[PDB]
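I have placed the structure first, in the form of structure tokens, so that the comments after it can refer back to it.
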Amino acid sequence: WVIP
Amino acid sequence: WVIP
Amino acid sequence: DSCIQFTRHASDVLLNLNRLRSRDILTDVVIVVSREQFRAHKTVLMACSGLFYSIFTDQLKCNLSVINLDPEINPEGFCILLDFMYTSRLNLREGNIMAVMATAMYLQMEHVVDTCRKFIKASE
Amino acid sequence: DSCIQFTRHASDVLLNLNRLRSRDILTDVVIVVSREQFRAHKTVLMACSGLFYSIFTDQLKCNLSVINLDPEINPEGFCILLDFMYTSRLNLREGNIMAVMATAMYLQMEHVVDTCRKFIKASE
Ligand SMILES: O=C1Cc2cc(Nc3nc(Cl)ncc3Br)ccc2N1
Ligand SMILES: O=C1Cc2cc(Nc3nc(Cl)ncc3Br)ccc2N1
Ligand SMILES: [Cl-]
Ligand SMILES: [Cl-]
């Protein structure tokens, strides 16, 4: 999971 | 396009 | 093999599937969550959820146009997850994390359950 | 928004759609290319091809279970492109590049047409  |  | 790969292909496919969802094109099922209804593509639901995979591979349920979820399921939690299915983006907030995790457990969406458990553990 | 994103989601969705194709699950159309037949999901074809997008958004053609391609279309070129649609991998070879490019132009698959034109330009 990432900060888009 | 890439070499997978 | 000696194949080449187009990096953005999977993302572009999903973006187009979401455009079809937004315009209600070729949607083939309604998911009922209490008083709310959500139109979707069975194949996309199956590709994202262990529960929908099991439902639509059933020889009788595969032909249903309406699926009613357990009454304990929260419509907002379902909406957030349906958006995630079609975009890869999860709108996880303090106010919705409990409903989202409970819905992801029911829908069998393992990666969503994992990030919810981690975000909850960080705030305890 | 304040969304988080799961990097591999789009790829995992496409992998599952290809698993459904391999097991012939919820396929809803047959594409006829001369003597050969290819089963697929209309939504996936639409998401990958300008031609299938136009066909299945047509108020009459959207309901067809069989689509016949132009007789000039090569079944192997179509097969290679159908595999690309469901995997992001393109089996581009000296022996098939002309048939693949001609099929991608007909199907309106711009990125495939682009890499074919580049690979051809390098060998001239
Ligand atoms: O957390 C998750 C997400 C998910 C998706 C599917 N979907 C499919 N799985 C397989 Cl193996 N083949 C085709 C399909 Br469609 C099954 C289980 C799960 N559990
Ligand atoms: O080279 C390509 C690939 C492709 C795909 C689609 N598909 C869709 N396009 C739009 Cl804008 N919305 C929903 C869908 Br499904 C249209 C045109 C093209 N040209
Ligand atoms: Cl997930
Ligand atoms: Cl393309």
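Note that ligands are numbered from 1 as they come in the structure, with each ligand's atoms numbered from 1 the same way. The figures here come from the full heavy-atom set of this structure, side chains too, leaving out hydrogens, waters and symmetry mates. Chain naming here is simple, since letters A, B, ... match the order of the sequence lines and numbering starts at 1 in each.
By the 30° and 60° cut-offs, the orientation of the rings of C:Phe52 relative to C:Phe78 is perpendicular.
Within a 6.0 Å radius of CZ in C:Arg39, other residues, nucleotides and ligands contribute more than 12 heavy atoms.
C:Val33 pairs in a side-chain contact (heavy atoms from CB on, under 4.5 Å) with only one of the listed residues (C:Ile67, C:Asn68, C:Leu69), which is C:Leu69.
No donor-acceptor pair under 3.5 Å is formed between the side chain of D:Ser88 and the backbone N or O of C:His9.
Atoms of ligand 2 found under 4.0 Å from any heavy atom of D:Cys48 (numbered from 1 in listed order, with element): 3 (C). Atom numbering of ligand 2 starts at 1 in the shown order; those under 4.0 Å from a heavy atom of D:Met109 are 1 (O).
Annotation for D:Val29 and D:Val66: closest pair CG2-N, 4.3 Å, computed over non-hydrogen atoms.
At a 4.0 Å heavy-atom cut-off, ligand 2 touches D:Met46 through backbone and side chain alike.
Nearest-heavy-atom check against atom 8 (C) of ligand 2 across D:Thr43, C:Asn16, C:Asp12, D:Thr57 picks out C:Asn16.
Checked by distance only, ligand 2 and C:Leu20 stay at 3.5 Å or farther apart across all their nitrogen or oxygen atoms.
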